[PDB]
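Visitor: Sharing a structure, written as structure tokens. Questions coming.
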Amino acid sequence: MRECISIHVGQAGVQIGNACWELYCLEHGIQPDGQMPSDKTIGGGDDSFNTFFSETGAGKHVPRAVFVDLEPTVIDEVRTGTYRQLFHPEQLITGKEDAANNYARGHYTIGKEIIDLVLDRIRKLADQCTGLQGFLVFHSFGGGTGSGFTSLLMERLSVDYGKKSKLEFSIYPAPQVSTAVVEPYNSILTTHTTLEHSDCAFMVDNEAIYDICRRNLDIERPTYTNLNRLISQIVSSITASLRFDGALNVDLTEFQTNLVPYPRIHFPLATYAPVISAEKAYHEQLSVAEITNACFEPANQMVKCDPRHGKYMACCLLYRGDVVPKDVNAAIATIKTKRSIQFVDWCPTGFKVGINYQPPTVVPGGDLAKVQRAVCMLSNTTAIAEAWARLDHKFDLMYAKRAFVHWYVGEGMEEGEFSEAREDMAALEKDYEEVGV
Amino acid sequence: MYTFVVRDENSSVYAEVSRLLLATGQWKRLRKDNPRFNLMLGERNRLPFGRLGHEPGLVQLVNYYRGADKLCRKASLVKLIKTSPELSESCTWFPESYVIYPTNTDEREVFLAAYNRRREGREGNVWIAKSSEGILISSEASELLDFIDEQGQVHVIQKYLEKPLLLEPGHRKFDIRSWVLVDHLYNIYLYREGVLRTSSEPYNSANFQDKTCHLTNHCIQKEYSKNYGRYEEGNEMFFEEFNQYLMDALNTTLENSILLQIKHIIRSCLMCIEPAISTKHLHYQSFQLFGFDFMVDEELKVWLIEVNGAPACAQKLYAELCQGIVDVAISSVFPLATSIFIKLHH
Amino acid sequence: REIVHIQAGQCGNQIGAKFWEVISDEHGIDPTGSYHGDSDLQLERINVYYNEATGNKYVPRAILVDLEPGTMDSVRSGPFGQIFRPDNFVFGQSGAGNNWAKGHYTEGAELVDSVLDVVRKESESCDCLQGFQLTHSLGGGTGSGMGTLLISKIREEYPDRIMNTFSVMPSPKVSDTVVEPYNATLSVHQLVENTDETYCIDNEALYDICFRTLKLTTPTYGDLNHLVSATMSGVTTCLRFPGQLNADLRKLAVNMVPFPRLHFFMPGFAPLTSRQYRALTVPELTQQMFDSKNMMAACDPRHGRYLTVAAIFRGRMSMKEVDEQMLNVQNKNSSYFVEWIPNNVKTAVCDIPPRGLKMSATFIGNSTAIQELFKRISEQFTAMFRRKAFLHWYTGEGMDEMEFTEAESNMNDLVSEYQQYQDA
Amino acid sequence: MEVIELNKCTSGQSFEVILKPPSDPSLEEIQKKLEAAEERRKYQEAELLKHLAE
Ligand SMILES: Nc1nc2c(ncn2[C@@H]2O[C@H](COP(=O)(O)OP(=O)(O)OP(=O)(O)O)[C@@H](O)[C@H]2O)c(=O)[nH]1
Ligand SMILES: Nc1nc2c(ncn2[C@@H]2O[C@H](COP(=O)(O)OP(=O)(O)O)[C@@H](O)[C@H]2O)c(=O)[nH]1
Ligand SMILES: COc1ccc(N(C)c2nc(Cl)nc3cccnc23)cc1
Ligand SMILES: [Ca+2]
Ligand SMILES: [Cl-]
Ligand SMILES: [Mg+2]
Ligand SMILES: [Mg+2]
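Chains as they are written, first to last, in the entry's author numbering: chain A, 1 to 437; chain F, 1 to 104, 125 to 152, 158 to 362, 372 to 380; chain B, 2 to 276, 280 to 428; chain E, 6 to 28, 44 to 74.
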């Protein structure tokens, strides 16, 4: 057994971490105080769930998690919330003033003054680890902390833990819930500086989650709470193989091995089904074939794009609930005939499959109905480059006028970092295009 | 009130569509780069599909189907027909064809295997070569591939149709242009009016170096042809005259001898690619206007040669057709405050 | 987090007092500083503007400044007079005679250090001061001359805080003296260099609103200040109320100001109220807040383009309807929003409505049409300045014509810079 | 279409399905970057303060 440390940076990272750790506790039967009765090995163990929880002599299961934000208001809600007892004070780190939606304020100005404290708290977690495999890093692209502090922290983690894997869960910006006009700038800057320090990055476009909430949960104006419970379902679907018995995606290295053949193209697309309203009176439960088939509708992707007009480099199917292999293979056979699924020539056309018999846990009182089976597909398709296209266009529109650049230069960043980052992104877009057309 | 944006000024059909849209007082045009449009009349090259359908509060529609190029560029279409079970290498309405790459998978080593059986069986062995100006129709291969390699792009060469149907008086060749509009629901609509692009020079089966009685391009006929327009204004015979001719001279209708095959071919092609390009469940929607080019043989058998994805109309029919595009492709999605299309379904 | 508020001069102190009355009411605090509201939204961020004092008392973090005591006395005697700490009243005796040079160079210099002492005391009691807001007019002497002196002193001592101002622009329709264009031009030069964000409150617009649409035949300063206090409560709601968007003065500057110098905002309000019964529909609220007739800077928004817009809806209403209506405005008028700042319109909602309204909307636009305002001032300046008329009031305080030429040039430059982006 | 590496256990199973075969800077440089930005910031501040002294 090898440990995993979760790092939540900025508002989006922290509120999504709240959602995920609530879910985690519900799934492993860990009570809000940190007591897991089914855990007979008191005070320790090398069980699967121990990769995310440590244990105290008093039988308290404590997340291997650090929450970091540059202003205090959001992490203060963790400190006074239902799961306050879960986290140990040293893990919840806050500053006095935020980054003002300014990547350079988060990276350079305010980042330089809190980075060493954060690394010290992360080291205190790592020192409780017999064999740390690495880190799961949650953050927004658009926030000043989310982008700027995150990239600084990634650089330093590559330094202080060179052989360890680093995974991202990244919130891509959408105008319907965005908070800042400069989110494209911050997105490009943090992606350029982080690219080489991340082994695998799961992008969630708030636009897609927003629309999923509206169409399938009949939420008229989704809040961060709605979005985050849905996102935390997807995240749990992705990390279940690190927290449960199995043979697929058991360590972080396997994510890269199975999903990222070319190291720069490390942005797997996530598609999830079924999303069903708790207020659906009569629901007819969906078969393996129906949920698997729904994994190929753009409307269920974490990022709206069209995988028909791209190529696949890898594809993983993570099921939860009442599923057996033959029904999976039966669904795949038919789907292959009715759908445009093209793999790159140097890759095998195939699916790695993982099944966990326990169906998804749902937050009591939440928006999601219990279902007898669910699936999350992780596919590395070049189609996701569409999202970079969108972002790089918005960036180009502002930067051609140097609009807002003065706020970044005034924090000590050089204008050249802008065009450097944009050039890296142009390289990325070309990599995708040549791999996929 | 609806907004559109015009990114292909060099398109006659959509120029006329812009005018018709403005003339309704319910459409206003925006600057080419303004992303708050309902309607995009896109550029022909590298249209940015990846940026469509991410504008909240805007239903967005575009006049091209992403992926339809597989039908509309010559090597692509041959690959699609051969490899697609719906059409198959046994397809009976598409001529034998092969994809050849210049000197600088290919298919000339599979070509020759058939060409020499044609030459031994003492069959007509004329073959035509072209890509997507620079055409060679020859009788022996070493002229064909020799020409292909002087150019530098991928080429297709296919069994020339040695026994076409010839219009009298004149003993001349022709191709049939059908216009087909696929709307956002993937209804396939064939325009009632086709056109017969004729040649003005009786058909000389002797030397295939004279392209004036073997290629039916409206361009190569106005400039380099003797009597461009002696039989029909602009070398364009429409459907009423042509049906009349088929009745008088051959004792059939255009509908029975030819149009049935044309509707079958159109529906087959478009239904075959429907799963690859449909926008039925997409965050943006597509429609597209296609030009199917057909050649009839002396047995009243129809053949498909090119599908063009950005066709122009015949000056006589611009008005009616563009108004039809507005009615069935655009107002269907964006409503305002006896149809000229035949719907293909079976 | 904490904001330090400064009101300077007659106009600055009269609108400052009204602002504190209005937002003290909105937060449940009474003239004695004792909280008496019911909800708890009212207190979550109460410290951005108020200090807590002995006995659960709330004391505005506000310094009152003047060169003559008249209007200060009027405040102390006024409704909320006793809610301010008496030590924060800083005044001289000789006045400034509507003379920028007296405020900035002679009389004001004599008083400015003790104001900065009170500023220092208020700021060292702050956990993380985000910056300052100043209410003043530009047409008189104390607000314009000594307020801009204060601003550049505050900037010297606190170069990393935000400077925000509510600046009342003079108009001949509401005019105290003929030298107002001089004072205004001198002040704009200062503001363009030393504020991060300035709300341009045009006494012309305020007059036209009271006259042409509130049907007030003889508008008083009270009728004008009712509009100003509605607008000020509106534009600070996201600062002092917990919402989804946890806004502050710096984030507002970052998102609203694409180039340092173009930081002059057109504010707007709806429904326009006089000192009614029909509830407004969200579509109505939205059409009115964008209406030229609802804007407090006398400029035609159709004469320029919006660089950025922030919009606040107050009341219980349909978030969904708000989104739809805001998108409808942008999609139906996209001509007027620059296309090189994507998604340059942001919206926020607060459940708490202002007093006497079930719903309202406040508008904050950074438009290139603001250049009209400065052109107006510039014309009135030159008309006198070409004959050096009334200059002796200024040379008698040590000023040189060269300084008038410099401020005029800088304001004309500001106008050209706006015109540069009206056509990009 | 063949089914390989089936591994299975009481919480679930995993396996593979093939349909077709195949047709960083140092701590030094980082603290240098951070301090270079701090220097540009301190310089802009000194420019501002000198202008205000004028
Ligand atoms: N999905 C989701 N997105 C969020 C959430 N909170 C913020 N965001 C998105 O994140 C972006 C804003 O960045 P934040 O994470 O809030 O800002 P920050 O990282 O705290 O950095 P600062 O600028 O210092 O405040 C916008 O695109 C938001 O819509 C959340 O809880 N869930
Ligand atoms: N809107 C408004 N404008 C005012 C008020 N008092 C004065 N003014 C305007 O402010 C300018 C005069 O400056 P004033 O504040 O009286 O002089 P100061 O005391 O030297 O700062 C003129 O343009 C007046 O119309 C007021 O209460 N409201
Ligand atoms: C156009 O892009 C933006 C993005 C954000 C912001 N912020 C920071 C805001 N700040 C404050 Cl104090 N009030 C507001 C009221 C309404 C909307 N936003 C804000 C403003 C413009
Ligand atoms: Ca244990
Ligand atoms: Cl290591
Ligand atoms: Mg934040
Ligand atoms: Mg006065």
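The beta carbon of each residue, even a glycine, is placed where N, CA and C say it ideally should be.
#1: Is it buried or exposed, B/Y208, if we count other Cβ atoms within 10 angstroms and call 16 or more buried?
#2: Can we count A/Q11 as close to ligand 6, meaning its CB is less than 7 Å from some heavy atom?
#3: Does the beta-carbon of A/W388 have 16 or more other beta-carbons within 10 angstroms, so that it is buried, or is it exposed?
#4: Just the Cα atoms here: how many angstroms apart are F/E266 and F/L329?
#5: If you measure from each residue's Cβ to the nearest non-hydrogen atom of ligand 7, which ones come out under 6 Å, in chain order?
#6: For F/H308 and chain A, any beta-carbon pair shorter than 8 Å?
#7: In terms of residues, what are the limits of the alpha helix (DSSP H) holding B/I155?
#8: Taking a Cβ distance cut-off of 7 Å, strictly less, list which residues of the region 93 to 113 of chain A are near chain B, in chain order.
#9: Taking 7 Å as the line, does the beta carbon of B/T166 fall inside it for any heavy atom of ligand 3?
#10: Can you give me the C-alpha to C-alpha distance between B/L139 and B/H190, rounded to a whole angstrom?
#11: Could you check whether the Cβ of A/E155 sits closer than 8 Å to any Cβ belonging to chain E?
#12: State yes or no: is the beta carbon of B/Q94 nearer than 8 Å to at least one beta carbon in chain F?
#13: I want to see whether chain B comes within less than 8 Å of A/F404, judged by CB atoms only; does it?
#14: Taking A/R243 and A/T51 to be in contact with their CB atoms under 8 Å, please state how far apart those CB atoms are, rounded to whole angstroms.
#15: Looking only at its own chain, which residues have a Cβ that is under 7 Å from the Cβ of E/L11, when we skip the five neighbours before and after it?
#16: Which residues in the same chain have their Cβ closer than 6 Å to the Cβ of B/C12, if we skip the five residues on either side of it in sequence?
#17: DSSP state of F/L161, grouped into three classes?
#18: Given A/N258, which residues of its chain have a CB within under 7 Å of its CB, disregarding the five upstream and five downstream residues?
#19: Does B/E407 have its Cβ less than 8 Å from a Cβ in chain E?
#20: So B/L289 packs on B/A365, CB below 8 Å; how close in whole Å?
#21: Quick one: which unbroken alpha helix (DSSP H) runs of 4-plus residues sit fully inside the region 302 to 385 of chain B? Chain order, please.
#22: Taking F/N45 as the reference, give the member of F/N34, F/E9, F/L77, F/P102 with the closest Cα.
#23: Identify, in the order they occur along the chain, each residue of the same chain with its Cβ nearer than 6 Å to the Cβ of B/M330, setting aside the five sequence neighbours on each side.
#24: Pairing CB atoms from the region 382 to 397 of chain A with CB atoms from the region 271 to 278 of chain A, are three or more of them under 8 Å?
#25: If I'm right that A/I110 touches A/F141 with Cβ under 8 Å, what's the distance once you round it to whole angstroms?
#26: Between the alpha carbons of A/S48 and A/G29, how many angstroms are there, rounded?
#27: Just reading off the beta strand (DSSP E) that A/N356 is part of, what are its end residues?
#28: According to a CB-to-CB cut-off of less than 7 Å, which residues of the region 170 to 198 of chain A neighbour chain E?
#29: Can you check which of these residues, B/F408, B/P357, B/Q15, is closest to B/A185 by C-alpha distance?
#30: For A/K304, go through chain F and note every residue whose CB falls closer than 9 Å to its CB, in chain order.
#31: Taking C-alpha atoms, which residue in A/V362, A/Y408, A/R214, A/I188 lies nearest to B/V258?
#32: Using a 10 Å radius around the Cβ and a threshold of 16 neighbouring Cβ atoms, would you call B/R320 buried or exposed?
#33: Contact between the region 100 to 115 of chain B and the region 395 to 412 of chain B: three or more CB pairs below 8 Å?
#34: Can the beta-carbon of A/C129 be found less than 8 Å from the beta-carbon of A/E254?
#35: DSSP on F/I213, reduced to helix/strand/coil?
#36: In terms of DSSP beta bridges, what is F/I148 paired with?
Guide: Working from what's here:
#1: Position 207 of the third sequence, counting from 1, holds the residue named residue 208 of chain B. Burial is judged here by how many other beta carbons sit within 10 angstroms of a residue's own beta carbon; B/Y208 has at least 16 and is buried.
#2: Position 11 of the first sequence, counting from 1, holds the residue named residue 11 of chain A. Result yes, Cβ under 7 Å from ligand 6.
#3: Working through the first sequence from its first residue, we reach residue 388 of chain A at position 388. Under this definition A/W388 is a buried residue.
#4: Taking the second sequence and counting its residues from 1, one reaches residue 266 of chain F at position 241. Taking the second sequence and counting its residues from 1, one reaches residue 329 of chain F at position 304. Computed Cα separation, rounded: 22 Å.
#5: Qualifying residues come out as B/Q11, B/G141, B/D177.
#6: Walking along the second sequence from the start, residue 308 of chain F turns up at place 283. For F/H308, the answer is yes, since a Cβ of chain A falls inside 8 Å of its Cβ.
#7: Against the third sequence, residue 155 of chain B aligns to sequence position 154. In the DSSP assignment, B/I155 falls within the unbroken alpha helix (DSSP H) covering 148 to 158.
#8: Taking 7 Å as the Cβ-Cβ cut-off against chain B, the residues of the region 93 to 113 of chain A that qualify are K96, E97, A100, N101, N102.
#9: The count along the third sequence starts at 1 and reaches residue 166 of chain B at position 165. No; taking the cut-off as 7 Å, the Cβ of B/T166 has no heavy atom of ligand 3 nearer than that.
#10: Translated into the one-based positions of the third sequence, residue 139 of chain B becomes position 138. Translated into the one-based positions of the third sequence, residue 190 of chain B becomes position 189. If I take the Cα positions, the gap works out to 11 Å.
#11: As a first step, residue 155 of chain A is located in the first sequence; it is residue number 155 there, counting from the start. It does; some Cβ of chain E falls within 8 Å.
#12: Within the third sequence, the letter at position 93 stands for residue 94 of chain B. Taking CB atoms only, B/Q94 has no neighbour in chain F less than 8 Å away.
#13: Here residue 404 of chain A refers to the residue found at position 404 when the first sequence is read from its first residue. So yes, A/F404 belongs to the interface.
#14: In the first sequence, the residue the question calls residue 243 of chain A occupies position 243. In the first sequence, the residue the question calls residue 51 of chain A occupies position 51. About 6 Å separates the two Cβ atoms, so the contact holds.
#15: In the fourth sequence, counting from the first residue as 1, residue 11 of chain E sits at position 6. For E/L11, where only same-chain residues beyond five positions count, the Cβ hits under 7 Å are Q18, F20.
#16: Counting from 1 along the third sequence, the entry for residue 12 of chain B is found at position 11. A distance below 6 Å between beta-carbons, with the five flanking residues on each side excluded, links B/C12 to the following residues of its chain, in chain order: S138, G144, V169.
#17: By one-based count along the second sequence, residue 161 of chain F stands at place 136. In this structure, DSSP gives F/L161 an extended state, which the three-state scheme calls strand.
#18: Stepping through the first sequence from its first residue, residue 258 of chain A is reached at position 258. Residues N249, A314, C316, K352 of the same chain have their beta carbon placed closer than 7 Å to that of A/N258, with the five preceding and five following residues left out of the count.
#19: Indexing the third sequence from 1 puts residue 407 of chain B at position 403. Chain E, which has no Cβ nearer than 8 Å to the Cβ of B/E407, makes this no.
#20: Here residue 289 of chain B corresponds to residue number 285 of the third sequence, with the count starting at 1. Here residue 365 of chain B corresponds to residue number 361 of the third sequence, with the count starting at 1. Yes, they are in contact, since the Cβ atoms of B/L289 and B/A365 sit about 4 Å apart, within 8 Å.
#21: Fully enclosed alpha helix (DSSP H) runs of 4 or longer: 323 to 336.
#22: Locating residue 45 of chain F in the second sequence gives position 45, where the first residue counts as 1. For F/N45, the nearest C-alpha among the options comes from F/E9.
#23: For this step, residue 330 of chain B is matched to residue 326 along the third sequence. Excluding sequence neighbours, B/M330 sits near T351.
#24: In this structure the region 382 to 397 of chain A does not lie against the region 271 to 278 of chain A, because fewer than three pairs of beta carbons, one per stretch, are closer than 8 Å.
#25: Here residue 110 of chain A refers to the residue found at position 110 of the first sequence. Here residue 141 of chain A refers to the residue found at position 141 of the first sequence. 18 Å between Cβ atoms; not a contact.
#26: To locate residue 48 of chain A, count along the first sequence from 1; it is residue 48. To locate residue 29 of chain A, count along the first sequence from 1; it is residue 29. If you take the alpha carbons of A/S48 and A/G29, they lie about 14 Å apart.
#27: Residue 356 of chain A sits at position 356 when you count from the first residue of the first sequence. Per DSSP, A/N356 belongs to the beta strand (DSSP E) from 349 to 356.
#28: So the close ones are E196, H197.
#29: On the third sequence, position 184 is the one that residue 185 of chain B refers to. Ranking B/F408, B/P357, B/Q15 by CA distance to the CA of B/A185 puts B/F408 first.
#30: Counting from one through the first sequence, the residue named residue 304 of chain A turns up at place 304. Under the 9 Å cutoff, chain F gives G53, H54, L307, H308.
#31: Along the third sequence, read from residue 1 onward, the residue named residue 258 of chain B stands at position 257. Closest option to B/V258, Cα to Cα, is A/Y408.
#32: Here residue 320 of chain B corresponds to residue number 316 of the third sequence, with the count starting at 1. Using a 10 angstroms sphere on the CB of B/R320, the tally of other CB atoms stays under 16, which defines it as exposed.
#33: Taking a contact to require three or more Cβ pairs closer than 8 Å, the region 100 to 115 of chain B and the region 395 to 412 of chain B qualify as touching.
#34: For the purposes of this step, residue 129 of chain A is identified with residue 129 of the first sequence, where counting begins at 1. For the purposes of this step, residue 254 of chain A is identified with residue 254 of the first sequence, where counting begins at 1. Between A/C129 and A/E254, the CB-CB gap reaches or exceeds 8 Å.
#35: To locate residue 213 of chain F, count along the second sequence from 1; it is residue 188. Three-state DSSP puts F/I213 in a strand.
#36: Position 128 of the second sequence, counting from 1, holds the residue named residue 148 of chain F. Per DSSP, the beta bridge partners of F/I148 are F/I162, F/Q183.
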